[PDB]
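Enquirer: this one is an experimental structure. Sequence first:
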Amino acid sequence: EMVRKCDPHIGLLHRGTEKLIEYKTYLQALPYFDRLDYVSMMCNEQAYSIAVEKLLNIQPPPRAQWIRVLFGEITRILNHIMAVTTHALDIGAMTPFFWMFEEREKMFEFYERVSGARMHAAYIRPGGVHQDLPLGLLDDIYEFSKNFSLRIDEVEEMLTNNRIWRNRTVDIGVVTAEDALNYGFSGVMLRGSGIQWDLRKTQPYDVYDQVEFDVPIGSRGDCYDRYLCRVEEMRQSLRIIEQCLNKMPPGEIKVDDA
Amino acid sequence: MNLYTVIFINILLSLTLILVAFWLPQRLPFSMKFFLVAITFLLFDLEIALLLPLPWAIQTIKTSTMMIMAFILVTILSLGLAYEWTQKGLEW
Amino acid sequence: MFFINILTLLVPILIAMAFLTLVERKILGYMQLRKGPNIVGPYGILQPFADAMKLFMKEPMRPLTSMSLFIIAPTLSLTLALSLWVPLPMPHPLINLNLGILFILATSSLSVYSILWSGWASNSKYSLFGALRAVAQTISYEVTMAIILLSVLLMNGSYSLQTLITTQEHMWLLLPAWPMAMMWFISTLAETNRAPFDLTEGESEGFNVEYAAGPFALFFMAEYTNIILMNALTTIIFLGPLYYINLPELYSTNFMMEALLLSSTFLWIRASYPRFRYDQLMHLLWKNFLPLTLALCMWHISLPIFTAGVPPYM
Amino acid sequence: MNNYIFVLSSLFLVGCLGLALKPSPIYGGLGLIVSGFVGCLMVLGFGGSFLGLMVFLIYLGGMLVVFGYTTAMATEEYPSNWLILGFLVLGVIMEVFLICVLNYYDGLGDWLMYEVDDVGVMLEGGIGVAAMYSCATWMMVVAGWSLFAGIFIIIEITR
Amino acid sequence: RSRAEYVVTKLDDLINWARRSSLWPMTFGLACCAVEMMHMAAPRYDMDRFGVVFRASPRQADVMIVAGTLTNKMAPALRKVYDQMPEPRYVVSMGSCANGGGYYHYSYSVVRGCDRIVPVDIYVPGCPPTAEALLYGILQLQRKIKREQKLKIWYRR
Amino acid sequence: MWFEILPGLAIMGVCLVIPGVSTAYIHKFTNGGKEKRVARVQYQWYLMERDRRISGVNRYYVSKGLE
Amino acid sequence: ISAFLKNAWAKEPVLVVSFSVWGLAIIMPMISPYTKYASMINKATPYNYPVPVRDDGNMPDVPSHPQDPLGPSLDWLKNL
Amino acid sequence: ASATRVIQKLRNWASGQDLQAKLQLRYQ
Amino acid sequence: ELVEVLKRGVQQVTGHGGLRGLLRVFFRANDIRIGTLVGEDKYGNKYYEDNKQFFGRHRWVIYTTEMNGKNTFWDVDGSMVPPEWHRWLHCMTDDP
Amino acid sequence: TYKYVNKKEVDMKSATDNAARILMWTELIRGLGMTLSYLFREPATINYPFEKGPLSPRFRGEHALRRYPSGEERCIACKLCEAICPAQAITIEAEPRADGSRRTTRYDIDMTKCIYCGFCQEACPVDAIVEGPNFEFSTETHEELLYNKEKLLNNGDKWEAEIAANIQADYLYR
Ligand SMILES: CCCCCCCCCCCCCCCCCC(=O)OC[C@H](COP(=O)(O)OCCN)OC(=O)CCCCCCCCCCCCCCCCC
Ligand SMILES: COC1=C(OC)C(=O)C(CC=C(C)C)=C(C)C1=O
Ligand code: SF4
Ligand code: SF4
């Protein structure tokens, strides 16, 4: 029962996404990005958007920027609910997944009522968003946000201090700070080791500069610490979502350059 | 007998089920710790076997010797355990 | 008559055994914000019978494996588990055995083989690794499981489960000896490979890996019957149901209530806790529990003597 | 029922013959676990109660199980087991051969329990095994030394 | 009644009811359509309610839901696992990526459909086929099984 | 709500009381209206068999002062 | 030494309790107002028939009805 | 909802916080 | 409190016509609840909406036998609901 | 601005507090309370056939080809729905109908190829091809999923009333 060497094999899901894009136009390659990592459906689009906007030296209108940060964060929650609850299902805790997949479900509905698709929206396009938010979404992205916290709190009362979660997670996969930068970890994995780097604060993109959030840095980096970090960004994203609802500007959602 | 009757019904019920099942649908011994554990298990088992007569031995007229004996057995085995916890034993 | 008394005490348990899976797939459900199975039949009552029929009909594929250490293993698992209900002392037992608890301890011990035999029989790596670890914690837990009972017996006076009904006529053995109840409950959770202690056959698919259809079912049935039996032993040894000699069924009525609640508890434990690591599990028994049990074992040889309470044999 | 014992005795010899043909390490473990079951019954057949269940409790699931346990770890390898089974049957009837001759010239139940001491409330086994703590407290100490010695002795063999 | 044909039909139905009420799926979870199935398992659309178990190993699985692209490297495996299931087995292709080839149909590493590697019984359409749609697809498998008449063909054969 | 887990339990409970009431009345009906005597030690058997030898061919039959 | 017992009671809070009991069971018997009774209460319990001796004479043994005031008594067991 | 005021209190006591304020049943 | 809970359960059982009528609703849906009947479409179908129930279950359709002569009483299908009433059921439009 | 998620005397009170936490499993009991609490909450599941999960007007669902109220099919075969389809799903070949007008002889959406992006809904100038609300079109055979003009036009006629309502609700937004 001891692992001497792990050689992960990859490509069981290689599909050609990088070659296929060369044969497609910029707007018809946007749907590929949603599929690249589809737990995080939109946040991925924003990266292509930004990239295509830079090449054109065009920037999205003010309302679109806030939207992208609004749905950018909602998407972060969606990913963390996936990562924390799926982590537990493999560990053996199954009730957190059902608790938070109901909240996920409710979020998907935001996607659907904004894009049309539950996931794989194609809403964030290279020049802003595709269509303004439906007349009424903001209010519901509030009711949900107003409550989601308690739902994160519950998971906590079940796992953060479980006498057993800690054991299987604490002091497992500790990664040094120097080694994390060396192997290009660049994520919570770095942040969990105590390196302070959030590309959202260091190199602001969209209007993530106009919001105020706290990066959840960690010490004694290990599976448990990073987890705590992911639960904390779920918390911090609710702080960013609140603001976006409180301060989203009247305006157009796509560049005016036909 | 009374017990036999029950038990053979018990086997019959199970053999009936397996049959229905089939008839109806017509090398590394790295963990010497594993072995180690298992050695301990019998040493503890055997010990249990020595402790198993204690319910009858409670009623023994001596009493003093009973407890003096039983306490010595439990203590010496526990020390065996203790030494399992001093070297790299029981730490799989 | 005696035959009729074998149908009762068996069928009734088998029918109840089926209704536990249902009350597991619904209590886990509502705890997780979901109705659970209610669409087949009324409120899911026909649900247990439905997959039983699906399981027996599906092909019992015999792997390209032994053919006996493969079919002996589920037969042994169901036979021992249903057998251990023979001496249980609900009101008055079916076959009263003077050394009854030794029968229950010995019969449980034999089930570890079924795991060993099934793992060797499958002849695939996942099965053998799972069986070796599974056998390890089962017998590891047996060692504290047995000592915890020996402490009990010494305060009961005999090995016969029938005596405890007379020992617990004034107070449950939980009040005294609660520290062991907890340790009996956790050990009952390990020996039925239920959740907190269910590393074998986890999301990692151990001895069901190659078992499908009828063989799957028999162990399967066995596990759940055990789930009840061990809970029932907790409900006789530590939670003593009130006994009135004039009306024997209030004993069985309360035995019914306490067994269902403690059976409900391991269902509730499963949904509530992540599974322990293989060594985490043995670390508990050999480090955390065995020293507690051996010492509290001595306290239970001393409590009788100096409190002049040596229990009456017979 | 009469001669219940001889039948069992015969089964015990069959299991020992199986262990003697040295079948595959774990297929025969079963064999032991079988005759251990059988011997458990016989001791329980002569009135023995505790001694009978002790073996079932200790040799059956404690030792034997640990035995196969190790078999899986080592000596689990494989290469005629059916031939062994075939010859096993050969000697089974051969036991009858011997049995026939014995019966040929000399009736169980005539006596299985020798004196019943019918009026007695302190007559079972386990009262005798509990003499480890009164009047036979030297067998208890030497057994204890062996177990204590075993923990120390085995750790070097592994190391 | 006693004319055997009737008796046979009734029996078959029972058999069909048992398999159709309790279908234990297994989710290879290729790609993303897996996320849309985890949603089915989740509380809004409980799969268990219908008798579908959340998870199952291949030995004990009645239906395989292929969610996601079946890439050329994973194609030998899919088959293995399909071939390692019981005699009454079924396959519900989920996702345009597995019904046909989907956005990645013309790629060099994607099999254009799983029905080229495993026989498929119900094809559930949609890039992330909606969880309700999978549920519709699982329910149509249940109507497909209900209609199957194995013993009556035995009797009439 | 949670109202529904009860159906299933009811059928478990009912199936766990049957056994205890059944075994404890098939004894009081196959032992002449009296609990089945428990022969734990030789003496309890003796009196049990002595009684058999006392009258009829069954122990529950209990001859009294009027004999 | 206080620490040897204050952290060992905070962390490792099993072996402490474990040993404590080991000892308390090794002491109570030595010091108790009842320990003596066990060997008596069990001694008294009459399991084997008490065979009567011949009355050669001059004996304090209870003659005739055992109820005679002479002999051993278990009033200690009573009102115990 | 439809807590009845006793299942709600068992719910509040067991959870340790007020779920009534942040319910799982979305309403108009 | 719970007695009113019990009266609500009794009214739900009495609500679906006779003992036989609720047995019919019981078997095909497995859920008994009473709601105002918003509409009955020409293909046999009956639609009920209850404001009190949560968003997921406040609108439900009880399917009818042979809506195109198919023996649909037991093999209920999602597609049976007509396109006009599909959006009302899925909450696409509040208006019936 | 950063925050330390897990960055960190021994008193009997403290220790006794900590030892009780390990000995009587106090935090484990805390976790059981949470699940018992929900057991009492109303389950969120919906009867799937009887009650349907809500989808708002933009839901893409299943392809349909609309027709003018008069009855003339909207598509005029400009074929840019084919041009912008990311998956190459739509195949269109056209010829002047005898009327002299421009119509598509063959319009084939391969739904297994389609990834339901909804750009075709976007691209059409006459808005002839629309993402219809229905999501339940699972089919026994692969061929049924391939759709020619007649199936889509038939799909359009069946769902036209709701498609018209959906486009009515969302056109101001577009
Ligand atoms: C004069 C007085 C003489 C007597 C003195 C007595 C002194 C007071 C009693 C002292 C002992 C009290 C506690 C005894 C049982 C607990 C023993 C124990 O320590 O648990 C082991 C483990 C510890 O947790 P861990 O953090 O892993 O270990 C830290 C140290 N290494 O804990 C665990 O891992 C537990 C894991 C449990 C998983 C399942 C949890 C289920 C919880 C619900 C059920 C609880 C039990 C219900 C019982 C019902 C009735 C039987
Ligand atoms: C996304 O990756 C996936 C998993 O791990 C995260 C799964 O466990 C599973 C299995 C989950 C279920 C619905 C049984 C799937 C489907 C999967 O693809
Ligand atoms: S179909 Fe759409 S969703 Fe399913 S896998 Fe292919 S891309 Fe991901
Ligand atoms: S775009 Fe609209 S109109 Fe032009 S061809 Fe495609 S469908 Fe017909």
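Expert: Noted; the coordinates are in hand. Numbering: from 1, shown residues only, chains lettered A, B, ... in the order given. Ligands and ions are numbered 1, 2, ... in the order given.
Enquirer: drop to CA atoms for contacts and neighbour counts, all remaining ones
Expert: OK.
Enquirer: let me see the contact set for the residue lying farthest from the centre of chain B.
Expert: In chain B, counting by CA atoms, centre = their mean, residue B:26 sits farthest out from the average C-alpha position, at 42.0 Å. By CA atoms under 8 Å, 6 or more residues apart in numbering or on different chains, residue B:26 lies in contact with nothing.
Enquirer: now do the SS call for it.
Expert: coil (DSSP: H, G, I helix; E, B strand; the rest coil).
Enquirer: residue B:69: how many residues sit nearby?
Expert: Residue B:69 sits with 19 neighbouring residues when counted by other CA atoms under 10 Å in any protein chain shown.
Enquirer: now swap in residue C:25 and tell me
Expert: Count around residue C:25 with other CA under 10 Å applied: 23.
Enquirer: surely it is in a strand?
Expert: No. Read with three-state DSSP, residue C:25 is helix and lies in no strand.
Enquirer: would you mind measuring from it to residue C:218?
Expert: 19 Å (CA to CA, to the nearest Å).
Enquirer: repeat for residue A:243
Expert: 58 Å.
Enquirer: how about the residues of chain B near chain D?
Expert: By the rule CA under 8 Å from any CA of the partner chain, the part of chain B lying against chain D is B:27-32, B:35-36, B:38-43, B:45-47, B:49-50, B:53-54, B:56-57, B:60, B:62, B:65-66, B:69-70, B:73, B:76-77, B:80, B:83-84.
Enquirer: residue C:16 against residue F:11, yeah?
Expert: Yes. Shown here, residue C:16 and residue F:11 form a contact pair, counting by CA atoms under 8 Å, at 6.6 Å.
Enquirer: which one's more surrounded, the two?
Expert: residue C:16 (24 against 19).
Enquirer: mind checking which helix or strand the more buried one is in?
Expert: helix C:11-31 (DSSP states H and E).
Enquirer: for chain F, which residue gets nearest to ligand 3?
Expert: Going by CA to the nearest ligand atom, ligand 3 is nearest to residue F:1 of chain F, at 34.2 Å.
Enquirer: contacts only, for that residue.
Expert: Contacts for residue F:1 (CA under 8 Å, 6+ apart) come out as C:30, C:35, J:40, J:41, J:42, J:43.
Enquirer: chain D: helices as residue ranges?
Expert: D:4-20, D:25-43, D:50-55, D:64-73, D:81-104, D:137-158 (DSSP state H).
Enquirer: which among those helices is found nearest to ligand 1?
Expert: helix D:137-158 (23.2 Å).
Enquirer: next, see if that closest one gets close to chain C.
Expert: No. Shown here: helix D:137-158 not in contact with chain C (CA under 8 Å from any CA), separated by at least 14.7 Å.
Enquirer: one more: stretch E:26-34?
Expert: No. Stretch E:26-34 is not in contact with chain C by CA under 8 Å from any CA; minimum separation 11.2 Å.
Enquirer: what's near enough to touch residue D:12?
Expert: D:35, D:38, D:39.
Enquirer: please identify the helix or strand for whichever residue of chain J sits closest to chain F.
Expert: Going by CA to the nearest CA, chain F is nearest to residue J:42 of chain J, at 5.1 Å. Following DSSP H and E, one finds residue J:42 outside all helices and strands.
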